[PDB]
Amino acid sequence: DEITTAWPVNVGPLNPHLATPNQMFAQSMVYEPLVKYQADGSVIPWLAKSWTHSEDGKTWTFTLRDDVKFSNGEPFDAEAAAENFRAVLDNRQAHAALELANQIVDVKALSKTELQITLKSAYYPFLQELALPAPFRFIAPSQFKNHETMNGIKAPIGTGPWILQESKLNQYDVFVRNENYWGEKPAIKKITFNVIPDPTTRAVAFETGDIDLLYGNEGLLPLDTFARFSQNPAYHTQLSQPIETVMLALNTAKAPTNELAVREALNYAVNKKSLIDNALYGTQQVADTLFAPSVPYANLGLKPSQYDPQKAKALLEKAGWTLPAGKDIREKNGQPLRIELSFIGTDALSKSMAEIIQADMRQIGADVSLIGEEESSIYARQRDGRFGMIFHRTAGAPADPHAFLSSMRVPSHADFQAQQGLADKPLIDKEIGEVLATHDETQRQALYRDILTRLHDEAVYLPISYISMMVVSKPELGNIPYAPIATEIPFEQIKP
């Protein structure tokens, strides 16, 4: 009834409203949302049994379960929920990347079971954002520090199935089953996280000792390690459905990526399978489209641009980018075909992919110049449009497609800047505005198809690969089912 894993760090304090990336897995073990995301893109009842919205889409009224207790035995009710929203909104700035935190105007408990949330605008993807691991999940208000969470908490008391019982710093965290959980309790009663900061040391600890499984993204489970494990029949390995897309964003307003033919050429010139086999140790899927077809609203049958250097070269040639005698880089009006790829210098994987991409483009006569900078400078370039090409990712999980599309129409964002050279940019932005505000599902799919097709046809992006969540486990443990939000390891499905 017990399992052991490993993690690079202790996760305390596990504040639901100041969650760090290394805490995001633990967050979901302890803290729960009003509504629960499903693979089909919808949300279903969870702590809220049901909900209604006003006709203008700005008032949302949630009817809550009446049988839920925080793990310390205090009731979950509308007042406790409203207190959490207040605590989050008191720190509104820290959450401004999440449109919901910007959208909420008022939260009011109408009764013990009725929670009303008022938004600035119709924003129907509201529900998908409530389903995120953070920040709109619930800690017992008794555990606030002086009536806030932004300045810290007391005990990490959620409604969830697991309780963080003990830490021994730099040694282990221990989660135990909440015996008073409102829902489906795990068969497992204890999960111990040995704190093993070095990923090679973690991997050896799995191979040798009584650690039952490891899981995570690239930062937690190195891609080369996972490839090795996936080869070895002594271990079980699994890869989730696609989460994020990794791509280049091409600046449609800056020469030479202002030319459709150049962007199309770039899309045909990258050998994605080889890049993945090499830099990513064959662990990810090739991305032909901005969103994987498993992404809600994105199963569009868009035409892939398959790796074809001959076609890439023909596109450049027709566009006037030709090789002079005795030269290996194309020129047009005496100007070489040069494209800057700016990336975060300290990011090893970005650097590895940039080098591969540079080499691919040499084969078609294009000079990709690599510029590694501080993250702070790359951030400013993205806001400003001071880039030729940049690495970029979607968010996956329940935020996409809506969140990623929403930012395309807002100034000071990479995707807005990248798209400035498109003749249909105003139509795209209007349609994104409409898709976010539409209550009609038919109109929603028609609009998503139009926006994504336009962006695909105009070759704004150079999709490279889809990132999956990795799990490696001892054979005796069993397969673990993936959850709709891949970080939410479904520990209740583990059967002793």
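Counting begins at 1, following the sequence as shown.
Student: Should the higher mean CA B-factor in the entry be assigned to 132-140 or to 276-284?
Tutor: That would be 276-284.
Student: Taking the recorded C-alpha temperature factors, which stretch has the higher mean, 206-214 or 153-161?
Tutor: Stretch with the greater average CA B-factor: 206-214.
Student: Name the one of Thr59, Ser28, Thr442, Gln38 with the greatest CA B-factor according to the PDB entry.
Tutor: Comparing C-alpha B-factors across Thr59, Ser28, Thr442, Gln38, the top value belongs to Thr442.
Student: Go through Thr252, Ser342, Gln231, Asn267 one by one and give the residue whose Cα B-factor in the PDB entry is largest.
Tutor: That would be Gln231.
Student: Quick check for you: using the entry's CA B-factors within this chain, is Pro484 in the lowest, middle or highest third?
Tutor: Middle third - that is where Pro484 ends up once the chain's C-alpha B-factors are sorted.
Student: Taking the C-alpha B-factors as the PDB entry records them, is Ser352 in the lowest, middle or highest third of its chain?
Tutor: It belongs to the highest third of the chain when residues are ordered by C-alpha B-factor.
Student: Among all modelled residues of this chain, ranked by Cα B factor, put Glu55 in the bottom, middle or top third, i.e. lowest, middle or highest.
Tutor: Highest third - that is where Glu55 ends up once the chain's C-alpha B-factors are sorted.
Student: Divide the modelled residues of the chain into thirds by Cα B-factor and specify which third, lowest, middle or highest, holds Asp367.
Tutor: As the PDB entry reports it, the C-alpha B-factor of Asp367 lands in the middle third of its chain.
Student: Compare the C-alpha B factor of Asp424 with those of the other modelled residues in its chain, then answer lowest, middle or highest third.
Tutor: Lowest third, going by the recorded CA B-factors of the chain.
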